[PDB]
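**Q** Below is run-v8.txt; it holds compact mmCIF, C-alpha atoms.
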```txt
# COMPACT_ATOMS: atom_id res chain seq x y z
CA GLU C 1 18.11 20.86 -12.33
CA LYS C 2 15.37 18.20 -12.62
CA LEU C 3 15.66 14.90 -10.70
CA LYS C 4 12.68 12.50 -11.08
CA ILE C 5 12.62 9.58 -8.55
CA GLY C 6 10.08 6.77 -8.09
CA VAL C 7 10.01 5.53 -4.42
CA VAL C 8 8.37 2.46 -2.96
CA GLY C 9 5.74 3.94 -0.64
CA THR C 10 6.96 2.25 2.51
CA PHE C 11 10.40 3.75 2.02
CA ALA C 12 8.98 7.14 1.11
CA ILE C 13 6.98 7.25 4.33
CA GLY C 14 9.34 5.48 6.76
CA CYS C 15 12.71 6.75 5.65
CA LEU C 16 12.90 9.31 2.85
CA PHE C 17 10.21 11.87 3.59
CA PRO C 18 11.59 12.76 7.01
CA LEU C 19 14.94 13.39 5.29
CA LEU C 20 13.85 15.57 2.37
CA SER C 21 14.19 18.87 4.28
CA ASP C 22 17.86 17.98 4.74
CA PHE C 23 18.18 17.49 0.98
CA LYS C 24 16.39 20.82 0.64
CA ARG C 25 18.76 23.02 2.67
CA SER C 26 21.88 21.11 1.51
CA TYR C 27 21.10 21.23 -2.25
CA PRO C 28 18.53 24.01 -2.92
CA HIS C 29 19.27 23.96 -6.69
CA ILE C 30 17.81 20.49 -7.45
CA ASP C 31 14.11 20.22 -8.37
CA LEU C 32 13.06 16.84 -6.93
CA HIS C 33 10.00 15.17 -8.60
CA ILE C 34 8.92 12.37 -6.16
CA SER C 35 6.40 9.68 -7.10
CA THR C 36 5.46 6.56 -5.11
CA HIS C 37 4.87 3.01 -6.29
CA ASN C 38 4.00 -0.39 -4.83
CA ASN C 39 7.36 -2.01 -5.84
CA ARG C 40 5.92 -2.87 -9.24
CA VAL C 41 7.43 -0.09 -11.37
CA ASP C 42 8.37 0.38 -15.05
CA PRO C 43 11.06 3.06 -14.73
CA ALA C 44 11.41 3.39 -18.49
CA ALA C 45 7.67 4.05 -19.10
CA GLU C 46 7.46 6.39 -16.07
CA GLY C 47 10.53 8.38 -17.17
CA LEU C 48 12.27 7.92 -13.85
CA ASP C 49 15.93 8.81 -13.31
CA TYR C 50 16.22 6.70 -10.18
CA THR C 51 13.96 4.14 -8.60
CA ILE C 52 13.94 3.25 -4.95
CA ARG C 53 12.68 -0.24 -4.50
CA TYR C 54 12.71 -3.39 -2.41
CA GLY C 55 14.43 -6.63 -3.29
CA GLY C 56 17.74 -8.38 -3.95
CA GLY C 57 19.62 -6.08 -6.34
CA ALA C 58 19.40 -8.10 -9.54
CA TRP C 59 17.14 -6.34 -12.02
CA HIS C 60 17.66 -6.89 -15.76
CA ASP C 61 19.49 -3.96 -17.42
CA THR C 62 19.78 -2.25 -14.09
CA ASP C 63 22.56 -1.00 -11.94
CA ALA C 64 21.55 -1.17 -8.28
CA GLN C 65 23.14 0.52 -5.29
CA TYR C 66 22.34 -0.80 -1.85
CA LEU C 67 20.76 1.72 0.56
CA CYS C 68 19.81 -0.04 3.77
CA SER C 69 18.44 -3.17 5.39
CA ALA C 70 14.75 -4.15 5.57
CA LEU C 71 14.60 -6.75 8.30
CA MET C 72 11.10 -8.08 8.92
CA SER C 73 9.26 -9.20 12.01
CA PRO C 74 5.63 -9.76 13.07
CA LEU C 75 3.80 -6.52 13.82
CA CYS C 76 0.29 -6.28 15.27
CA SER C 77 -2.18 -4.18 17.24
CA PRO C 78 -1.90 -3.83 21.04
CA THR C 79 -5.25 -5.65 21.24
CA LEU C 80 -3.92 -8.67 19.33
CA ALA C 81 -0.52 -8.42 21.05
CA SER C 82 -2.17 -8.99 24.44
CA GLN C 83 -3.38 -12.38 23.22
CA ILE C 84 0.03 -13.31 21.76
CA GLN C 85 2.62 -14.79 24.18
CA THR C 86 4.32 -17.35 21.92
CA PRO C 87 4.80 -17.49 18.09
CA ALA C 88 2.18 -20.21 17.70
CA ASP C 89 -0.38 -17.77 19.14
CA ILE C 90 0.01 -15.62 15.97
CA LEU C 91 -1.91 -18.38 14.21
CA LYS C 92 -4.97 -17.48 16.30
CA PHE C 93 -5.32 -14.63 13.81
CA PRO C 94 -5.27 -14.04 10.07
CA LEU C 95 -1.88 -13.46 8.48
CA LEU C 96 -1.08 -10.45 6.38
CA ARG C 97 1.58 -10.82 3.69
CA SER C 98 2.78 -9.28 0.48
CA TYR C 99 2.70 -10.81 -2.99
CA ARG C 100 6.27 -12.10 -2.38
CA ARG C 101 7.13 -15.69 -1.52
CA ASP C 102 7.58 -17.41 1.82
CA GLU C 103 7.35 -14.63 4.37
CA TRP C 104 5.41 -16.44 7.07
CA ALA C 105 6.81 -19.88 6.40
CA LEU C 106 10.38 -18.52 6.64
CA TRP C 107 9.67 -16.53 9.79
CA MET C 108 7.98 -19.43 11.57
CA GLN C 109 10.80 -21.84 10.55
CA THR C 110 13.38 -19.31 11.69
CA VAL C 111 11.91 -19.25 15.25
CA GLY C 112 11.46 -23.02 15.28
CA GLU C 113 7.78 -23.53 14.45
CA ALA C 114 6.03 -25.35 11.68
CA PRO C 115 4.85 -23.29 8.70
CA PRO C 116 1.23 -22.13 8.82
CA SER C 117 -1.34 -24.45 7.22
CA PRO C 118 -1.68 -23.85 3.46
CA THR C 119 -5.34 -22.93 4.17
CA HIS C 120 -4.72 -20.48 6.97
CA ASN C 121 -6.62 -17.22 6.59
CA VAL C 122 -4.33 -14.85 4.75
CA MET C 123 -4.69 -11.44 3.15
CA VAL C 124 -2.26 -10.28 0.45
CA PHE C 125 -1.08 -6.64 0.21
CA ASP C 126 0.64 -4.65 -2.55
CA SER C 127 2.07 -2.23 -0.06
CA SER C 128 3.34 -2.60 3.46
CA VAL C 129 1.79 0.81 4.23
CA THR C 130 -1.73 -0.58 3.57
CA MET C 131 -0.76 -3.85 5.37
CA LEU C 132 0.08 -1.93 8.56
CA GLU C 133 -3.15 0.07 8.34
CA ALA C 134 -4.97 -3.24 8.24
CA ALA C 135 -2.89 -4.39 11.22
CA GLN C 136 -3.61 -1.23 13.26
CA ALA C 137 -7.31 -2.03 12.76
CA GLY C 138 -6.86 -5.61 14.03
CA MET C 139 -7.38 -7.45 10.70
CA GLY C 140 -4.42 -9.73 11.40
CA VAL C 141 -0.70 -10.02 12.11
CA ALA C 142 1.50 -8.22 9.66
CA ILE C 143 5.10 -9.02 8.78
CA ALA C 144 7.06 -6.05 7.42
CA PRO C 145 10.32 -4.03 7.74
CA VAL C 146 10.34 -2.80 11.31
CA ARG C 147 12.61 0.15 10.57
CA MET C 148 10.06 1.69 8.18
CA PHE C 149 7.41 1.71 10.89
CA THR C 150 9.04 3.23 13.93
CA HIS C 151 6.50 6.07 13.91
CA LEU C 152 3.77 3.53 14.73
CA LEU C 153 5.90 1.71 17.31
CA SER C 154 6.90 4.89 19.15
CA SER C 155 3.30 6.21 19.05
CA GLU C 156 2.29 2.73 20.28
CA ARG C 157 -0.21 2.01 17.47
CA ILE C 158 1.66 -1.11 16.52
CA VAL C 159 3.56 -3.64 18.60
CA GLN C 160 6.42 -6.00 17.66
CA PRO C 161 5.75 -9.11 19.77
CA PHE C 162 9.00 -10.99 18.94
CA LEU C 163 12.67 -10.08 18.46
CA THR C 164 13.39 -12.52 15.67
CA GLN C 165 13.85 -11.00 12.25
CA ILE C 166 14.11 -12.32 8.73
CA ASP C 167 15.89 -10.81 5.72
CA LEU C 168 14.07 -11.29 2.43
CA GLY C 169 15.42 -8.24 0.66
CA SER C 170 16.79 -4.74 1.18
CA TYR C 171 16.11 -1.24 -0.14
CA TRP C 172 17.98 -0.34 -3.37
CA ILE C 173 18.35 2.85 -5.44
CA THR C 174 18.52 1.83 -9.07
CA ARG C 175 19.12 3.24 -12.58
CA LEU C 176 18.29 1.70 -15.98
CA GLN C 177 21.50 0.72 -17.85
CA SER C 178 20.56 2.80 -20.90
CA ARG C 179 19.74 5.72 -18.61
CA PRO C 180 22.20 8.65 -18.68
CA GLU C 181 23.41 9.61 -15.21
CA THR C 182 23.68 13.29 -14.17
CA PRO C 183 25.18 15.53 -11.48
CA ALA C 184 21.89 16.05 -9.63
CA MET C 185 21.56 12.24 -9.61
CA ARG C 186 25.04 11.74 -8.09
CA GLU C 187 24.35 14.48 -5.54
CA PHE C 188 21.12 12.83 -4.40
CA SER C 189 22.62 9.32 -4.42
CA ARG C 190 25.65 10.50 -2.46
CA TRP C 191 23.42 12.46 -0.05
CA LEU C 192 21.04 9.57 0.62
CA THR C 193 23.56 6.71 0.96
CA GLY C 194 25.45 9.14 3.15
CA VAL C 195 22.72 9.68 5.72
CA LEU C 196 21.88 5.97 5.93
CA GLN X 1 -16.00 -24.71 0.28
CA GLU X 2 -16.90 -22.15 -2.37
CA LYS X 3 -13.84 -20.06 -3.16
CA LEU X 4 -13.96 -16.35 -3.97
CA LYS X 5 -10.93 -14.26 -4.96
CA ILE X 6 -11.28 -10.47 -4.83
CA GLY X 7 -8.71 -7.75 -5.56
CA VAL X 8 -9.42 -4.47 -3.77
CA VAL X 9 -7.94 -1.02 -4.25
CA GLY X 10 -6.22 -0.31 -0.95
CA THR X 11 -8.11 2.83 -0.04
CA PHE X 12 -11.43 1.05 -0.27
CA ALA X 13 -10.06 -1.93 1.62
CA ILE X 14 -9.03 0.18 4.58
CA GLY X 15 -11.78 2.81 4.53
CA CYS X 16 -14.80 0.61 3.78
CA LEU X 17 -14.45 -3.14 3.17
CA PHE X 18 -12.25 -4.37 5.98
CA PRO X 19 -14.41 -2.95 8.77
CA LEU X 20 -17.36 -4.89 7.31
CA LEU X 21 -15.46 -8.13 6.65
CA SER X 22 -16.32 -9.90 9.89
CA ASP X 23 -20.00 -9.44 8.96
CA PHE X 24 -19.53 -11.17 5.63
CA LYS X 25 -17.58 -14.05 7.24
CA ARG X 26 -20.28 -14.63 9.91
CA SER X 27 -23.12 -14.48 7.43
CA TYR X 28 -21.53 -16.58 4.67
CA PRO X 29 -19.34 -19.12 6.52
CA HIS X 30 -19.45 -21.35 3.47
CA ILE X 31 -17.51 -18.95 1.27
CA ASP X 32 -13.72 -18.94 1.36
CA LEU X 33 -12.82 -15.32 0.66
CA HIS X 34 -9.28 -14.60 -0.63
CA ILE X 35 -8.57 -10.87 -0.52
CA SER X 36 -5.68 -9.05 -2.22
CA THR X 37 -5.08 -5.33 -2.54
CA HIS X 38 -3.86 -3.29 -5.47
CA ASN X 39 -3.12 0.36 -6.21
CA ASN X 40 -5.89 0.65 -8.86
CA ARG X 41 -3.65 -0.64 -11.66
CA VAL X 42 -4.56 -4.32 -11.77
CA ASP X 43 -4.78 -7.23 -14.25
CA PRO X 44 -7.72 -9.33 -13.06
CA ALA X 45 -7.13 -12.09 -15.63
CA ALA X 46 -3.46 -12.53 -14.59
CA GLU X 47 -4.26 -12.49 -10.86
CA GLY X 48 -7.18 -14.89 -11.35
CA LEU X 49 -9.65 -12.50 -9.67
CA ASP X 50 -13.37 -13.23 -9.72
CA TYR X 51 -14.11 -9.60 -8.76
CA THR X 52 -12.06 -6.39 -8.77
CA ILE X 53 -13.01 -3.47 -6.50
CA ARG X 54 -11.63 -0.34 -8.07
CA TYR X 55 -11.88 3.40 -8.62
CA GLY X 56 -12.97 4.97 -11.91
CA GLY X 57 -15.71 5.80 -14.42
CA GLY X 58 -17.26 2.33 -14.80
CA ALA X 59 -16.06 1.59 -18.35
CA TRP X 60 -13.11 -0.81 -18.64
CA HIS X 61 -12.39 -2.90 -21.74
CA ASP X 62 -14.57 -6.02 -21.95
CA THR X 63 -15.63 -5.52 -18.34
CA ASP X 64 -18.95 -5.66 -16.52
CA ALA X 65 -18.87 -2.91 -13.81
CA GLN X 66 -21.39 -2.46 -11.01
CA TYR X 67 -21.58 0.76 -9.02
CA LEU X 68 -20.66 0.52 -5.34
CA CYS X 69 -20.47 4.02 -3.98
CA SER X 70 -19.46 7.63 -4.41
CA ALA X 71 -15.87 8.80 -3.81
CA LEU X 72 -16.24 12.57 -3.43
CA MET X 73 -12.87 14.19 -3.04
CA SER X 74 -11.81 17.11 -0.90
CA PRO X 75 -8.50 18.48 0.57
CA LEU X 76 -7.23 16.67 3.67
CA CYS X 77 -4.32 17.84 5.82
CA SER X 78 -2.71 17.49 9.27
CA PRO X 79 -4.02 19.54 12.20
CA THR X 80 -0.87 21.68 11.92
CA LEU X 81 -1.33 22.81 8.32
CA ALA X 82 -5.06 23.28 8.94
CA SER X 83 -4.18 25.88 11.57
CA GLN X 84 -2.60 27.88 8.72
CA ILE X 85 -5.53 27.41 6.30
CA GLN X 86 -8.59 29.64 6.44
CA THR X 87 -9.21 30.17 2.72
CA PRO X 88 -8.75 27.79 -0.21
CA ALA X 89 -5.87 29.94 -1.40
CA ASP X 90 -3.96 29.18 1.84
CA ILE X 91 -3.67 25.56 0.67
CA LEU X 92 -1.08 26.85 -1.80
CA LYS X 93 1.21 27.80 1.13
CA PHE X 94 2.05 24.06 0.99
CA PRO X 95 3.00 21.32 -1.46
CA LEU X 96 0.15 19.50 -3.18
CA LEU X 97 -0.29 15.75 -2.90
CA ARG X 98 -1.99 14.15 -5.90
CA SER X 99 -2.43 10.81 -7.56
CA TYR X 100 -1.41 9.58 -10.97
CA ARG X 101 -4.93 10.46 -12.27
CA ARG X 102 -5.52 13.81 -13.98
CA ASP X 103 -6.69 17.23 -12.84
CA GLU X 104 -7.59 16.77 -9.17
CA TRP X 105 -6.25 20.07 -7.85
CA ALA X 106 -7.11 21.89 -11.08
CA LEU X 107 -10.82 20.83 -10.77
CA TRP X 108 -11.08 21.46 -7.06
CA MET X 109 -9.56 24.95 -7.25
CA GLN X 110 -11.81 25.77 -10.23
CA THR X 111 -14.79 24.54 -8.19
CA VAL X 112 -14.10 26.88 -5.25
CA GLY X 113 -13.51 29.78 -7.61
CA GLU X 114 -9.73 29.98 -7.38
CA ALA X 115 -7.05 30.14 -10.02
CA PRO X 116 -5.28 26.92 -11.11
CA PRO X 117 -2.14 26.16 -9.16
CA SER X 118 1.18 27.28 -10.61
CA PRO X 119 2.57 24.73 -13.04
CA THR X 120 5.79 24.85 -10.99
CA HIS X 121 4.03 24.39 -7.69
CA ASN X 122 5.57 21.74 -5.41
CA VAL X 123 3.65 18.49 -6.04
CA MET X 124 4.18 14.82 -5.04
CA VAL X 125 2.52 11.94 -6.93
CA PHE X 126 1.05 8.92 -5.06
CA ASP X 127 -0.03 5.53 -6.33
CA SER X 128 -2.27 5.15 -3.30
CA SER X 129 -4.44 7.47 -1.28
CA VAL X 130 -3.43 5.48 1.80
CA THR X 131 0.20 6.39 1.22
CA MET X 132 -0.91 9.91 0.29
CA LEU X 133 -2.69 10.30 3.60
CA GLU X 134 0.32 9.00 5.59
CA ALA X 135 2.36 11.71 3.94
CA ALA X 136 -0.28 14.34 4.80
CA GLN X 137 -0.37 13.25 8.46
CA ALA X 138 3.38 13.97 8.54
CA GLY X 139 2.91 17.43 7.03
CA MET X 140 4.44 16.80 3.66
CA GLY X 141 1.62 18.68 1.95
CA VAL X 142 -2.12 18.80 1.43
CA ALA X 143 -3.88 15.65 0.23
CA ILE X 144 -6.98 15.32 -1.88
CA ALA X 145 -8.87 12.06 -1.58
CA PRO X 146 -12.26 10.44 -1.03
CA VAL X 147 -13.29 11.84 2.29
CA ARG X 148 -15.59 8.96 3.16
CA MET X 149 -12.64 6.53 2.95
CA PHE X 150 -10.74 8.29 5.77
CA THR X 151 -13.39 8.46 8.46
CA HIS X 152 -10.97 6.73 10.84
CA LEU X 153 -8.32 9.43 10.42
CA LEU X 154 -10.89 12.28 10.66
CA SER X 155 -12.66 11.09 13.78
CA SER X 156 -9.34 10.37 15.55
CA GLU X 157 -8.22 13.89 14.59
CA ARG X 158 -5.07 12.81 12.73
CA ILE X 159 -6.40 14.53 9.59
CA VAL X 160 -8.61 17.58 8.99
CA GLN X 161 -10.97 18.46 6.15
CA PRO X 162 -10.70 22.24 6.15
CA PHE X 163 -13.45 22.80 3.48
CA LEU X 164 -16.73 21.02 2.72
CA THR X 165 -16.43 21.56 -0.99
CA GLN X 166 -16.13 18.21 -2.71
CA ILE X 167 -15.82 16.97 -6.27
CA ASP X 168 -16.58 13.76 -8.25
CA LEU X 169 -13.70 12.40 -10.36
CA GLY X 170 -14.86 8.81 -10.23
CA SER X 171 -16.60 6.34 -7.97
CA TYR X 172 -15.91 2.82 -6.65
CA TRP X 173 -17.01 -0.19 -8.74
CA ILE X 174 -17.01 -3.95 -8.36
CA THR X 175 -16.02 -5.38 -11.77
CA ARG X 176 -15.99 -8.72 -13.56
CA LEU X 177 -14.43 -9.69 -16.87
CA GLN X 178 -17.24 -10.56 -19.30
CA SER X 179 -15.38 -13.81 -20.04
CA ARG X 180 -15.36 -14.71 -16.30
CA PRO X 181 -18.25 -16.83 -15.13
CA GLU X 182 -20.39 -15.52 -12.35
CA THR X 183 -20.72 -18.16 -9.64
CA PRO X 184 -23.08 -18.45 -6.67
CA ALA X 185 -20.38 -17.21 -4.26
CA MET X 186 -19.89 -14.05 -6.34
CA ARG X 187 -23.65 -13.28 -6.39
CA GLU X 188 -23.88 -13.57 -2.64
CA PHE X 189 -20.88 -11.29 -2.01
CA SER X 190 -21.76 -8.43 -4.36
CA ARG X 191 -25.35 -8.61 -3.08
CA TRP X 192 -24.13 -8.47 0.49
CA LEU X 193 -21.82 -5.54 -0.29
CA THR X 194 -24.15 -3.38 -2.41
CA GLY X 195 -26.64 -3.97 0.38
CA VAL X 196 -24.49 -2.88 3.35
CA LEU X 197 -23.45 0.19 1.34
```
Translate this structure into structure tokens?
**A**
Amino acid sequence: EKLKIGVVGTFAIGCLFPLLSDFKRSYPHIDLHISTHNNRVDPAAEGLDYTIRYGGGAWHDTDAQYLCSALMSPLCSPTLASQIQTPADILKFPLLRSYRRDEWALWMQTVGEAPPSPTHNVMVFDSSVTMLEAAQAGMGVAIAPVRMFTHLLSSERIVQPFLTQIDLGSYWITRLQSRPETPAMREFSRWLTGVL
Amino acid sequence: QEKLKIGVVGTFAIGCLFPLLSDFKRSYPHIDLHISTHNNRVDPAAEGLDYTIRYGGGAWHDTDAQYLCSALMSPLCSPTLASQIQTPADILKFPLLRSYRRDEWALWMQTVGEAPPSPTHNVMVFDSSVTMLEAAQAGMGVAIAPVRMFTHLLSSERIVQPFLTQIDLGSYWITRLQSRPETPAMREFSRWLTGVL
């Protein structure tokens, strides 16, 4: 039984991979082919059964099932965190963002500050995993889904300076419309939505 | 005042470029550098990039590619799996982590004089060596990746290189579309970078 799943790398690392030994013992008859992507994925061209991705749940020709929330907050190194006492202090440093719209402007507005200047030093990332590597090394303040990075928080490599969160999308497991479903697919789906 | 947009494959960004970035900013305060990362599949024309830093053989369609540095690849794994690996064949006690590119474990095993891995061997595919190496730190399997790009993980002992044997399946290049003008800010950057490397 062959199940091929493309997984946004953040989710693979922060959520799924720790859980795959559970899906091993509980369904030892399914041969899981896992590939990662940077949330830009052509499931048809890649021959994926399922796709795990980040966003709002509205993809053309695609049936999406919600998996879990992806609430974002500033994350930074302990070195930078020690110089950050209020949200405006974040603007002492470069901002790290994704290719998606509005992340820093929405977060700043949400906690009652003005958006950053349009010419603030920013670096754009295709993957939150790379973003948080940059942040660990002090390249700037990241904004990403806190729940995918608890291994850095608990190990103290990253700090979350503020409680406020924003919600610019969630994690979805999705299937192309024209894509036949299967029993291994249902069993994974069921198992994963289950644990979350 | 002079603007420069560069897209960088993530591995290179983390393992090489970003640690040097402060030096470029100091030295060339008059250049406004806009950095983005990619996972080595990138459309420079669509993203409006001046330069693309990427991994490969140096020959992309209608592209001028300058050599940056070598990217010799060797198995990398957590300290825990390393403790169970004394010979290359021990690697196959564990799942293999690979990229979308062809033949990395086939070539490396050939090179150390071992048989190819089973075609049914447990393998996970990664779009990024950064993501690959996160997975290896967590013991998902054994990575193979450009060793010189993970000096931070090696020296901090989060990752181990059990064997010195290393293979060339491409290098890092800084590339420019032939149709893209080269500006003064571009010349200064690629000269600064090829220099520091």
**Q** Quick one: of C:138, C:169, C:145, C:115, who's nearest to chain X, counting only C-alpha atoms?
**A**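 Ranking C:138, C:169, C:145, C:115 by distance to chain X, first place goes to C:138.
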**Q** For the point (11.2, 5.2, 1.8) in the file's frame, write as an MDAnalysis selection string all residues with an atom no more than 12 Å away, counting all atoms listed in the file.
**A** (chainID C and resid 5:20 34:39 51:54 67:70 127:129 145 147:149 170:173 192 196) or (chainID X and resid 131 135)
**Q** Can those selected residues be exported to a file as a PDB file, in the frame of the given file so that it contains C-alpha atoms?
**A**
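Printed below is selection-v8.pdb as written:
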```pdb
ATOM      1  CA  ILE C   5      12.620   9.580  -8.550  1.00  0.00           C
ATOM      2  CA  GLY C   6      10.080   6.770  -8.090  1.00  0.00           C
ATOM      3  CA  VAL C   7      10.010   5.530  -4.420  1.00  0.00           C
ATOM      4  CA  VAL C   8       8.370   2.460  -2.960  1.00  0.00           C
ATOM      5  CA  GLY C   9       5.740   3.940  -0.640  1.00  0.00           C
ATOM      6  CA  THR C  10       6.960   2.250   2.510  1.00  0.00           C
ATOM      7  CA  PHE C  11      10.400   3.750   2.020  1.00  0.00           C
ATOM      8  CA  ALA C  12       8.980   7.140   1.110  1.00  0.00           C
ATOM      9  CA  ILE C  13       6.980   7.250   4.330  1.00  0.00           C
ATOM     10  CA  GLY C  14       9.340   5.480   6.760  1.00  0.00           C
ATOM     11  CA  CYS C  15      12.710   6.750   5.650  1.00  0.00           C
ATOM     12  CA  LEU C  16      12.900   9.310   2.850  1.00  0.00           C
ATOM     13  CA  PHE C  17      10.210  11.870   3.590  1.00  0.00           C
ATOM     14  CA  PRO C  18      11.590  12.760   7.010  1.00  0.00           C
ATOM     15  CA  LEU C  19      14.940  13.390   5.290  1.00  0.00           C
ATOM     16  CA  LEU C  20      13.850  15.570   2.370  1.00  0.00           C
ATOM     17  CA  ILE C  34       8.920  12.370  -6.160  1.00  0.00           C
ATOM     18  CA  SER C  35       6.400   9.680  -7.100  1.00  0.00           C
ATOM     19  CA  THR C  36       5.460   6.560  -5.110  1.00  0.00           C
ATOM     20  CA  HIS C  37       4.870   3.010  -6.290  1.00  0.00           C
ATOM     21  CA  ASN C  38       4.000  -0.390  -4.830  1.00  0.00           C
ATOM     22  CA  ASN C  39       7.360  -2.010  -5.840  1.00  0.00           C
ATOM     23  CA  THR C  51      13.960   4.140  -8.600  1.00  0.00           C
ATOM     24  CA  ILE C  52      13.940   3.250  -4.950  1.00  0.00           C
ATOM     25  CA  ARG C  53      12.680  -0.240  -4.500  1.00  0.00           C
ATOM     26  CA  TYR C  54      12.710  -3.390  -2.410  1.00  0.00           C
ATOM     27  CA  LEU C  67      20.760   1.720   0.560  1.00  0.00           C
ATOM     28  CA  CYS C  68      19.810  -0.040   3.770  1.00  0.00           C
ATOM     29  CA  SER C  69      18.440  -3.170   5.390  1.00  0.00           C
ATOM     30  CA  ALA C  70      14.750  -4.150   5.570  1.00  0.00           C
ATOM     31  CA  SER C 127       2.070  -2.230  -0.060  1.00  0.00           C
ATOM     32  CA  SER C 128       3.340  -2.600   3.460  1.00  0.00           C
ATOM     33  CA  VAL C 129       1.790   0.810   4.230  1.00  0.00           C
ATOM     34  CA  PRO C 145      10.320  -4.030   7.740  1.00  0.00           C
ATOM     35  CA  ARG C 147      12.610   0.150  10.570  1.00  0.00           C
ATOM     36  CA  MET C 148      10.060   1.690   8.180  1.00  0.00           C
ATOM     37  CA  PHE C 149       7.410   1.710  10.890  1.00  0.00           C
ATOM     38  CA  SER C 170      16.790  -4.740   1.180  1.00  0.00           C
ATOM     39  CA  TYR C 171      16.110  -1.240  -0.140  1.00  0.00           C
ATOM     40  CA  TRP C 172      17.980  -0.340  -3.370  1.00  0.00           C
ATOM     41  CA  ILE C 173      18.350   2.850  -5.440  1.00  0.00           C
ATOM     42  CA  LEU C 192      21.040   9.570   0.620  1.00  0.00           C
ATOM     43  CA  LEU C 196      21.880   5.970   5.930  1.00  0.00           C
TER      44      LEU C 196
ATOM     45  CA  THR X 131       0.200   6.390   1.220  1.00  0.00           C
ATOM     46  CA  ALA X 135       2.360  11.710   3.940  1.00  0.00           C
TER      47      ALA X 135
END
```
**Q** One number please: CA of residue 172 (chain X) to CA of residue 107 (chain X), in Å, one decimal.
**A**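 Separation of CA of residue 172 (chain X) and CA of residue 107 (chain X): 19.2 Å.
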**Q** Using all atoms listed in the file, which chain X residues lie at most 10 Å away from chain C, written as a PyMOL selection string?
**A** chain X and resi 7-11+13-15+18-19+21-22+32-39+97-100+120+122-132+134-135+138-140+152
**Q** So what do you get for CA of residue 157 (chain X) versus CA of residue 144 (chain X), distance-wise?
**A**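 Between CA of residue 157 (chain X) and CA of residue 144 (chain X) the gap works out to 16.6 Å.
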**Q** Suppose you want the space between CA of residue 146 (chain C) and CA of residue 191 (chain C); what is it in Å?
**A**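 Computed distance, CA of residue 146 (chain C) to CA of residue 191 (chain C), equals 23.1 Å.
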**Q** Return the single residue from X:73, X:174, X:65, X:91 that is closest to residue 117 (chain X), with distances computed using only C-alpha atoms.
**A** X:91
**Q** Would you list the residues near (-10.3, 24.4, -7.6), meaning any protein, DNA or RNA residue with an atom at most 12 Å from that point in file coordinates, counting all atoms listed in the file, as number ranges by chain?
**A** X: 73-75, 87-89, 91-92, 103-117, 144, 163, 165-167
**Q** Please put the answer as AutoDock Vina command-line options: centre and edge lengths, in Å with one decimal, of a box along x, y and z that encloses all listed atoms of region 1-14 of chain C plus 5 Å on each side.
**A**
```
--center_x 11.9 --center_y 11.6 --center_z -2.9 --size_x 22.4 --size_y 28.6 --size_z 29.4
```
**Q** In terms of the shortest atom-to-atom distance over only C-alpha atoms, which of C:112, C:1, C:77, C:165 is closest to residue 28 (chain C)?
**A**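 Closest candidate: C:1.
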**Q** Quick one: residues within 12 Å of residue 189 (chain C), all atoms listed in the file counted, chain neighbours fewer than 4 positions away excluded, as a ChimeraX atom specification?
**A** /C:3,5,23,49-52,64-67,172-175,181-185,193-196
**Q** Under the rule that all atoms listed in the file are counted, which of C:154, C:142, C:104, C:188 is the nearest residue to residue 29 (chain C)?
**A**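 The shortest atom-to-atom distance to residue 29 (chain C) comes from C:188.
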**Q** Fewer than 2 positions away in the same chain doesn't count, so skip those; otherwise give me all residues within 12 Å of residue 151 (chain X), counting only C-alpha atoms, as a list in words.
**A** residues 11, 12, 14, 15, 16, 19, 76, 133, 145, 146, 147, 148, 149, 153, 154, 155, 156, 157, 158, 159, 160 and 161 of chain X
**Q** Looking at only C-alpha atoms, which of C:108, C:159, C:30, C:135 is the one that sits closest to residue 4 (chain C)?
**A**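 Of C:108, C:159, C:30, C:135, the one nearest residue 4 (chain C) is C:30, counting only C-alpha atoms.
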**Q** Just save region 41-47 of chain X with N, CA and C atoms, as an mmCIF file, in the first residue's frame.
**A**
```cif
data_model
loop_
_atom_site.group_PDB
_atom_site.id
_atom_site.type_symbol
_atom_site.label_atom_id
_atom_site.label_comp_id
_atom_site.auth_asym_id
_atom_site.auth_seq_id
_atom_site.Cartn_x
_atom_site.Cartn_y
_atom_site.Cartn_z
ATOM 1 N N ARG X 41 14.806 25.863 -6.815
ATOM 2 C CA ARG X 41 13.906 26.066 -7.963
ATOM 3 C C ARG X 41 13.415 27.512 -7.909
ATOM 4 N N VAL X 42 13.804 28.323 -8.878
ATOM 5 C CA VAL X 42 13.617 29.753 -8.806
ATOM 6 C C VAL X 42 13.475 30.324 -10.214
ATOM 7 N N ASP X 43 12.673 31.380 -10.344
ATOM 8 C CA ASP X 43 12.426 32.048 -11.626
ATOM 9 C C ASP X 43 12.933 33.470 -11.500
ATOM 10 N N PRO X 44 14.214 33.713 -11.840
ATOM 11 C CA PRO X 44 14.776 35.037 -11.541
ATOM 12 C C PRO X 44 14.031 36.185 -12.234
ATOM 13 N N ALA X 45 13.547 35.941 -13.442
ATOM 14 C CA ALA X 45 12.854 36.964 -14.220
ATOM 15 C C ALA X 45 11.569 37.370 -13.518
ATOM 16 N N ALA X 46 10.763 36.385 -13.121
ATOM 17 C CA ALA X 46 9.529 36.636 -12.334
ATOM 18 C C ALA X 46 9.755 37.302 -10.993
ATOM 19 N N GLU X 47 10.822 36.954 -10.278
ATOM 20 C CA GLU X 47 11.073 37.579 -8.973
ATOM 21 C C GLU X 47 11.845 38.896 -9.082
#
```
